[PDB]
């Protein structure tokens, strides 16, 4: 056996640019075979892939993704390691969640919103059981496969915990408004701080891709949160769901539900919504 991720460039047809990553343009394209063929893919490119250091940082997402196999985590298809260096993944054809929600607003009901939240909770309980911390949970990093299916991507910041306590910190303009207080205060990242971010993500989804604490300053937000202030209940969010969100935003990370618990409660809230 042994899964070989090295793909041949002849099997790839490069299509149009569909976005931008930190290392370069992302394209859609086609991955081909003589048999079991025509597969639409996303292709991340890398501007400066001649530098060992840039190349190493870029291919690390791919290294992290070869560990995962989940219906709601973006799948790694392979890599081309010869220059120009490419990362090949399954295409999420409907794109970014924020854009999708803002536009498909009048074609989606409440049950679809809770479903997306539920699907993400299964991907995160999966990571939680593998002792993997994401660190960048936000609707901006959720992608849409189809109308009834979202997937977590962006594994650039994702780290494997030896289960031992925290992660450290390197560099980057921190998404303060999504961050748990102990991540802002101690640069501490755990499954519990992922849960905090997921609560903010759920809020976003329920607000149809509106951003948390808009018009508020990154330094005023920290103080608001300490003083006990929380993001308001979204319009037509069920009281049971908002209660769930508020538990995710417990200042003490030990008081926050685990993902395995959130998964079960969302499943129950989803049935009640579809039922009533």
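Residue numbers count along the first chain shown, from 1.
Higher mean CA temperature factor, per the PDB entry, when comparing 168-176 with 121-129: 168-176. Higher mean CA temperature factor between 215-223 and 62-70: 215-223, per the PDB entry. The entry lists C-alpha B-factors for 113, 87, 157, 197, and the highest of these is at 157.
Annotation for residue 242: CA B-factor lies in the middle third of the chain's modelled residues. Remark: residue 162 belongs to the highest third of its chain, ranked by C-alpha B-factor as recorded. Split the chain's modelled residues into thirds by C-alpha temperature factor. Residue 233 is in the highest one.
Residue 251: CA B factor lies in the middle third for its chain, per the PDB record. Sort the modelled residues of the chain by CA B factor and residue 13 lands in the highest third.
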